[PDB]
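Written out below as structure tokens is the structure these notes cover.
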Amino acid sequence: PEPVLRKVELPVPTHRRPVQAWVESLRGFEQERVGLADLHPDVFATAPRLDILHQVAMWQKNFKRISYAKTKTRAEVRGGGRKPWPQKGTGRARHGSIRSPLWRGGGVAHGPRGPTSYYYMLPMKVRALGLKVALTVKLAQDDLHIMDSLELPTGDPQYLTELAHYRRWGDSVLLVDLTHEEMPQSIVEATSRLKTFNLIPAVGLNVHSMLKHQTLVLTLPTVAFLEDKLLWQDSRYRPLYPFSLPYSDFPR
Amino acid sequence: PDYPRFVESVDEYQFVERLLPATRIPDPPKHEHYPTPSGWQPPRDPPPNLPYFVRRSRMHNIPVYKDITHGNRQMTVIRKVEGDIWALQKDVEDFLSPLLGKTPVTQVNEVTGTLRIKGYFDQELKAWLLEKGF
Amino acid sequence: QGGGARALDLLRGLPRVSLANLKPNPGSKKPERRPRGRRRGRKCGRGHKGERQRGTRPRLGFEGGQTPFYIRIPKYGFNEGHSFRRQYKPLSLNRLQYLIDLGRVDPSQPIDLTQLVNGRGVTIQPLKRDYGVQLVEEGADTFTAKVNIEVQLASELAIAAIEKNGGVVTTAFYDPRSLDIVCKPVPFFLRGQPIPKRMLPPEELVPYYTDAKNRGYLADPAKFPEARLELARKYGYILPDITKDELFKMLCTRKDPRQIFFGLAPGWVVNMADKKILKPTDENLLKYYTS
Amino acid sequence: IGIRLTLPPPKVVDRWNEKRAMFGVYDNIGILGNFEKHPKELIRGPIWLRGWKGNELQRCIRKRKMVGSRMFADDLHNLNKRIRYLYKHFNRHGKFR
Amino acid sequence: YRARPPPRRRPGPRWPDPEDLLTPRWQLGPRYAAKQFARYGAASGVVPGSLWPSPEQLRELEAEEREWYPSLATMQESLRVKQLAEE
Amino acid sequence: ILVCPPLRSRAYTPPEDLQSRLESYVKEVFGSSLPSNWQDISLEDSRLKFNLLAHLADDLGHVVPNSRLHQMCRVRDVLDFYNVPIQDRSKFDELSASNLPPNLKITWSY
Amino acid sequence: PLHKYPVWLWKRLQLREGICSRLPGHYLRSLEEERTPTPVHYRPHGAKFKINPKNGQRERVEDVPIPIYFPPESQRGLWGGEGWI
Ligand SMILES: [Mg+2]
Ligand SMILES: [Mg+2]
Ligand SMILES: [Mg+2]
Ligand SMILES: [Mg+2]
Ligand SMILES: [Mg+2]
Ligand SMILES: [Mg+2]
Ligand SMILES: [Mg+2]
Ligand SMILES: [Mg+2]
Ligand SMILES: [Mg+2]
Ligand SMILES: [Mg+2]
Numbered sequence: 044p045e046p047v048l049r050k051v052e053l054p055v056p057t058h059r060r061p062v063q064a065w066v067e068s069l070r071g072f073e074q075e076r077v078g079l080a081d082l083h084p085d086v087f088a089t090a091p092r093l094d095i096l097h098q099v100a101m102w103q104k105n106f107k108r109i110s111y112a113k114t115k116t117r118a119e120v121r122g123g124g125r126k127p128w129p130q131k132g133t134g135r136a137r138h139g140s141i142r143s144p145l146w147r148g149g150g151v152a153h154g155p156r157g158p159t160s161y162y163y164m165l166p167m168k169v170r171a172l173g174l175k176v177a178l179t180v181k182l183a184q185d186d187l188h189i190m191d192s193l194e195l196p197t198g199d200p201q202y203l204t205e206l207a208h209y210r211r212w213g214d215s216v217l218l219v220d221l222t223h224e225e226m227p228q229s230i231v232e233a234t235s236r237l238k239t240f241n242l243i244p245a246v247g248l249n250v251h252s253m254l255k256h257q258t259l260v261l262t263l264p265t266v267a268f269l270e271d272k273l274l275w276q277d278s279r280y281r282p283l284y285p286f287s288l289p290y291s292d293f294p295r
Numbered sequence: 033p034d035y036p037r038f039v040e041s042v043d044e045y046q047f048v049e050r051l052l053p054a055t056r057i058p059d060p061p062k063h064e065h066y067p068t069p070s071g072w073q074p075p076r077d078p079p080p081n082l083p084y085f086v087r088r089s090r091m092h093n094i095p096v097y098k099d100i101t102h103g104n105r106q107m108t109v110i111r112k113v114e115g116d117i118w119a120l121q122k123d124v125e126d127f128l129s130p131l132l133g134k135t136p137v138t139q140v141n142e143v144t145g146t147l148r149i150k151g152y153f154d155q156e157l158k159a160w161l162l163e164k165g166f
Numbered sequence: 006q007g008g009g010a011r012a013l014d015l016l017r018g019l020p021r022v023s024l025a026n027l028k029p030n031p032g033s034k035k036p037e038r039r040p041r042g043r044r045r046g047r048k049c050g051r052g053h054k055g056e057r058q059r060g061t062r063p064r065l066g067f068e069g070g071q072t073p074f075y076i077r078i079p080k081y082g083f084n085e086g087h088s089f090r091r092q093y094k095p096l097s098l099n100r101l102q103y104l105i106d107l108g109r110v111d112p113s114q115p116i117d118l119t120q121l122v123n124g125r126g127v128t129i130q131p132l133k134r135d136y137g138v139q140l141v142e143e144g145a146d147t148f149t150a151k152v153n154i155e156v157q158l159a160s161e162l163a164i165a166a167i168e169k170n171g172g173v174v175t176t177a178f179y180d181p182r183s184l185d186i187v188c189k190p191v192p193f194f195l196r197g198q199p200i201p202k203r204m205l206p207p208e209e210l211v212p213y214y215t216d217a218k219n220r221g222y223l224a225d226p227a228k229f230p231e232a233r234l235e236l237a238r239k240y241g242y243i244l245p246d247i248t249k250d251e252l253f254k255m256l257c258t259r260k261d262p263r264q265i266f267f268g269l270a271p272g273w274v275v276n277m278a279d280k281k282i283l284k285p286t287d288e289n290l291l292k293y294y295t296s
Numbered sequence: 032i033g034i035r036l037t038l039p040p041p042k043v044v045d046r047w048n049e050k051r052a053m054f055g056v057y058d059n060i061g062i063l064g065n066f067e068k069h070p071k072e073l074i075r076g077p078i079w080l081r082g083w084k085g086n087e088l089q090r091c092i093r094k095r096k097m098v099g100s101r102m103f104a105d106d107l108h109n110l111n112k113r114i115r116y117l118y119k120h121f122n123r124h125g126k127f128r
Numbered sequence: 025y026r027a028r029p030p031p032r033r034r035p036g037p038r039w040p041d042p043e044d045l046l047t048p049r050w051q052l053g054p055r056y057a058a059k060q061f062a063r064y065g066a067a068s069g070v071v072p073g074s075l076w077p078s079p080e081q082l083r084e085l086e087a088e089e090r091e092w093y094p095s096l097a098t099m100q101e102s103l104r105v106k107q108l109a110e111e
Numbered sequence: 049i050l051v052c053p054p055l056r057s058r059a060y061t062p063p064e065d066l067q068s069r070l071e072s073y074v075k076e077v078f079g080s081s082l083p084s085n086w087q088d089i090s091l092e093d094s095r096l097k098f099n100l101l102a103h104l105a106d107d108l109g110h111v112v113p114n115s116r117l118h119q120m121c122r123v124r125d126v127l128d129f130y131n132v133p134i135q136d137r138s139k140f141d142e143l144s145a146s147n148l149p150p151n152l153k154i155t156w157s158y
Numbered sequence: 002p003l004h005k006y007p008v009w010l011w012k013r014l015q016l017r018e019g020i021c022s023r024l025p026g027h028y029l030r031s032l033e034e035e036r037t038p039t040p041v042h043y044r045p046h047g048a049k050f051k052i053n054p055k056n057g058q059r060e061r062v063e064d065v066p067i068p069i070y071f072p073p074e075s076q077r078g079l080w081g082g083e084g085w086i
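Chains as they are written, first to last, in PDB author numbering: chain F, 44 to 295; chain g, 33 to 166; chain M, 6 to 296; chain i, 32 to 128; chain q, 25 to 111; chain h, 49 to 158; chain X, 2 to 86.
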């Protein structure tokens with residue numbers, strides 16, 4: 044009776060038309076098709092770059108890894124400053140210490156020397172393009188669902204599981220809200236007791252979480268938030284200084 | 033601590049806001065005559081009805097660049113190609129063949145949407161793509 | 006059109022993209038080579054004995070005992086005093102016209118080094134002994150714009166090209182400390198320090214900026230009309246009368262020799278958090294920032 | 032000899048615990064958060080390794096100049112020896128010059 | 025589950041205890057206070073009058089400038105003498 | 049208390065009178081002003097596309113997936129979409145559904 | 002592991018507890034101060050900047066004091082700050 048239509052706020056290239064998506068509701072088992080949503084083609088319909096997804100996915104796994112494994116070299120093993128037997132005459136092999144790698148209980152020739160950092164930063168546009176490809180892959184595979192709000196009729200976690208099974212979403216569903224302080228209490232109590240249904244803010248969106256979860260759920264404010272954030276990378280000056288400092292027209 | 037007195041004013045802050053750089057690249061202003069003295073030309077509206085499409089860079093220029101490897105391998109790269117890139121290869125081949133006297137050696141990268149051509153054809157392809165209105 | 010749609014509808018029939026079925030782009034990751042096996046084992050790519058296999062190779066440049074090549078050459082002052090020479094990023098009129106036509110540099114306002122950095126037209130590195138930009142004569146034939154630009158150095162031809170179209174070009178000096186402030190005012194405004202007055206050019210650079218032929222900012226304005234006429238006659242163009250122009254006030258807008266920006270006297274403190282400017286009232290402070 | 036005669040206990044792995052289900056979250060804190068925070072600031076660990084990477088010689092040099100005054104006497108002595116050894120190895124030994 | 029609250033840049037000036045020996049010496053000087061005022065404005069609580077040099081520091085600042093940075097007339101007169109010497 | 053409805057099957061068979069039924073919904077949404085070239089009607093307006101597709105979903109029990117919405121430029125594309133049958137049978141039943149030879153036996157221990 | 006405080010801070014940490022913390026406040030100031038002694042065995046530069054003759058540039062100059070060893074016998078007399086070099 045009252046359709047919910049969302050338009051694209053940012054300008055759209057003339058050679059591409061926006062892609063549509065069904066707007067659904069979480070207030071009932073059969074409250075789907077609340078309206079149509081316009082999605083910017085550059086975000087939800089870009090090229091399917093599987094190789095770009097891999098390097099963004101591998102970046103998140105490895106960049107924050109700190110390996111603490113470390114062994115003791117022959118200089119750090121206690122003792123072993125004394126030559127065991129004279130160089131010649133004993134008729135045995137010649138050794139200079141009892142803590143050499145050849146000796147039992149000695150040091151390691153080439154072992155780990157932790158703590159080690161694997162930190163590296165992909166270019167900002169590469170990381171932002173990884174999100175667009177991640178969003179495009181989900182929509183192209185009918186795993187992305189647009190919502191208007193995350194308000195459930197009840198805070199029962201069993202209600203959420205039955206709602207997702209009826210619509211055949213999948214074993215794991217990732218729920219995204221615009222902010223963390225504006226999340227409705229109905230969905231917070233329903234997801235906090237679930238293991239495969241996760242609730243994250245818009246800023247906590249990442250490729251690894253999206254690929255791990257079979258189904259992705261977005262709200263209307265989240266879609267507008269993503270397009271504003273992601274399309275800003277496509278047409279922007281090279282940074283004179285980090286954007287955390289004041290600019291003429293940032294933040295939007 | 034006997035600090036000197038000061039006066040706080042806001043009328044002079046208008047000269048500070050003009051020193052702030054912008055993050056977004058401004059859209060080029062409309063000009064009475066085209067092309068501009070620098071040679072820049074805006075894309076044609078409506079876009080041409082071709083099986084492929086080459087969009088401008090974020091600086092509003094034709095995405096044709098020269099590439100060189102090993103110090104002797106001269107290449108020309110056509111980037112940001114959407115649609116049927118294979119139709120673009122045929123058009124490029126039929127356009128560069130008279131200039132070279134032979135079929136150009138080209139590489140088509142479907143995943144990245146780039147066309148790579150052996151030899152320098154930067155200024156030749158930039159003028160050629162402006163004719164089609166890209 | 007055809008390519009874009011074919012690349013996504015084909016993805017629909019494929020299984021779900023997950024962390025399992027991912028792989029790197031082919032040719033983007035060379036396999037690691039390790040000293041194992043018959044091919045890469047045994048001497049492991051080191052040869053037969055000697056310093057090569059034992060990892061005791063001599064230093065780079067050592068020639069086995071004879072006098073090294075980089076030593077037997079005589080010393081000449083090619084790079085002597087390289088860190089005290091002044092560098093100027095060239096600014097071609099082709100580049101300047103390219104920025105104007107795209108709106109990145111507005112010709113309706115006076116153009117200084119701040120506006121060029123704002124439009125990403127030039128990249129100034131004060132830490133790399135840069136002292137500003139030099140206006141070069143490349144592309145002077147196709148330049149057609151009336152601008153009020155200020156550049157640290159300018160060639161004789163580039164000055165003539167701008168003044169032919171009715172513009173004004175002036176040369177001003179910036180010290181390395183002031184140069185970093187001009188290029189990135191925002192990082193300086195977050196240091197909580199009052200705006201300093203730029204220092205006068207060194208004794209060697211004084212003649213350049215006190216001569217009207219170079220359009221110096223410390224030159225006698227009475228000699229500017231004489232110099233502008235000589236360039237008009239030499240290169241064969243009629244010198245325009247900018248007094249009759251409507252932008253005469255904008256073109257004549259020039260900053261004080263001790264001033265960094267327009268309308269911002271030295272000693273002021275920019276408070277961007279409250280959008281306020283603090284002006285000292287101390288008699289001793291005012292004498293320091295006005296002398 | 033050298034091979035066990037009994038199967039090891041099964042390795043039950045919970046793929047949906049708190050840490051795995053929330054791994055990678057906020058890795059886009061800068062791009063999606065007006066660049067107020069940096070993704071490298073999310074990194075936890077040694078104070079000489081947060082948002083930095085280098086080889087073993089650089090890690091030892093960086094560790095010595097940041098937490099060297101807090102290291103134990105035996106640990107600091109070992110670090111100085113390691114830097115002395117690594118300096119000689121990298122700058123005097125190898126296949127390439 | 026539910027994700028933890030997002031890491032936010034903790035607002036407000038950070039004033040460490042000057043009596044703590046683990047406080048770096050660069051967080052207790054006037055320069056640190058000056059940078060806080062520029063970033064946060066009046067919310068920093070720093071008296072704006074402290075940003076300008078003190079009368080004792082102003083005399084030192086003038087003394088250095090006078091010795092090393094001469095006036096325009098001083099440089100113009102020096103050039104004239106040198107030019108006559110060369111001629 | 050909210051009770052979940054039983055799970056809906058994905059099997060879909062195009063009705064023989066689909067074109068007549070679809071034409072009825074077209075006149076409801078776009079009016080009776082234009083009764084010619086009804087398959088060429090453009091779905092640019094969001095209200096018109098939403099009304100047409102929601103009515104079909106509630107009627108035929110088969111909704112258009114989000115990967116197909118952008119392709120529905122005209123009502124002609126909408127008709128072709130609903131002419132494609134959908135099978136929800138499992139692989140074991142599909143294999144047994146085929147005329148298995150007497151020497152071929154399939155076991156499903158799942 | 003690591004110490005909570007740097008090793009060079011332990012001397013001033015022992016003045017925070019024990020009988021040292023109960024010492025008069027004015028006395029504790031006299032120890033924690035590190036006033037530089039008057040130069041004796043070296044000539045101070047006198048200025049903060051000098052012009053290096055080779056390149057003719059204004060470079061910063063600092064006075065680095067020369068370590069002085071005071072024998073135990075110097076504590077029973079008045080050497081004027083002098084000592085063995
Ligand atoms: Mg030992
Ligand atoms: Mg010994
Ligand atoms: Mg030995
Ligand atoms: Mg051991
Ligand atoms: Mg290249
Ligand atoms: Mg062989
Ligand atoms: Mg071999
Ligand atoms: Mg062997
Ligand atoms: Mg040999
Ligand atoms: Mg080496």
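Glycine included, each C-beta is placed from N, C-alpha and C at the ideal position.
Any heavy atom of ligand 1 closer than 6 Å to the beta-carbon of residue i?
i: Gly124/F; result: yes
Going by DSSP, what residue range makes up the alpha helix (DSSP H) through residue i?
i: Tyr214/M; result: 211-214
i: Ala80/F; result: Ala80/F -> not in any alpha helix (DSSP H); beta strand (DSSP E) instead, spanning 78-82.
Less than 6 Å separating the Cβ of residue i from some heavy atom of ligand 9?
i: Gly50/M; result: no
i: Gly55/M; result: yes
By Cβ distance below 6 Å, which residues in the same chain neighbour residue i in space, the five residues on each side in sequence not counted?
i: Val274/M; result: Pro199, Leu283
i: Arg148/g; result: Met107, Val109, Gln139
Whose Cβ in chain F lies nearer than 8 Å to the Cβ of residue i?
i: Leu132/M; result: Near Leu132/M there are no residues of chain F at all, since even the closest Cβ is about 14 Å away, more than 8 Å.
Report the neighbours of residue i on chain X: residues whose CB is nearer than 8 Å to its CB, in chain order.
i: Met102/i; result: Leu3, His4
Could you give the residue range of the beta strand (DSSP E) that holds residue i?
i: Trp65/F; result: 62-67
i: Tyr84/g; result: 84-86
Starting from the beta carbon of residue i, find every residue of chain F whose beta carbon is closer than 7 Å, and list them in chain order.
i: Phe66/i; result: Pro285, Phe286, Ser287
Apart from the five residues on each side of it in sequence, which residues of its chain come closer than 7 Å, Cβ to Cβ, to residue i?
i: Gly82/X; result: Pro38, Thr39, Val41
i: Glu74/X; result: none
Compute every distance between the C-beta of residue i and the non-hydrogen atoms of ligand 5, then say whether any falls below 6 Å.
i: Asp99/g; result: yes
Can you list, in chain order, the residues of its chain with a C-beta nearer than 8 Å to that of residue i? Leave out the 5 residues immediately preceding and following it.
i: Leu100/h; result: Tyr73, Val74, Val77, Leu91, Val123, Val126
Name the chain i residues whose beta carbon is nearer than 8 Å to that of residue i?
i: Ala66/q; result: Those do not exist, as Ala66/q stays about 21 Å from chain i at its closest Cβ, beyond 8 Å.
Counting only Cβ pairs nearer than 8 Å, list the residues of chain g close to residue i.
i: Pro56/F; result: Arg87
Hey, is residue i close to ligand 3, as in C-beta under 6 Å from one of its heavy atoms?
i: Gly139/F; result: yes
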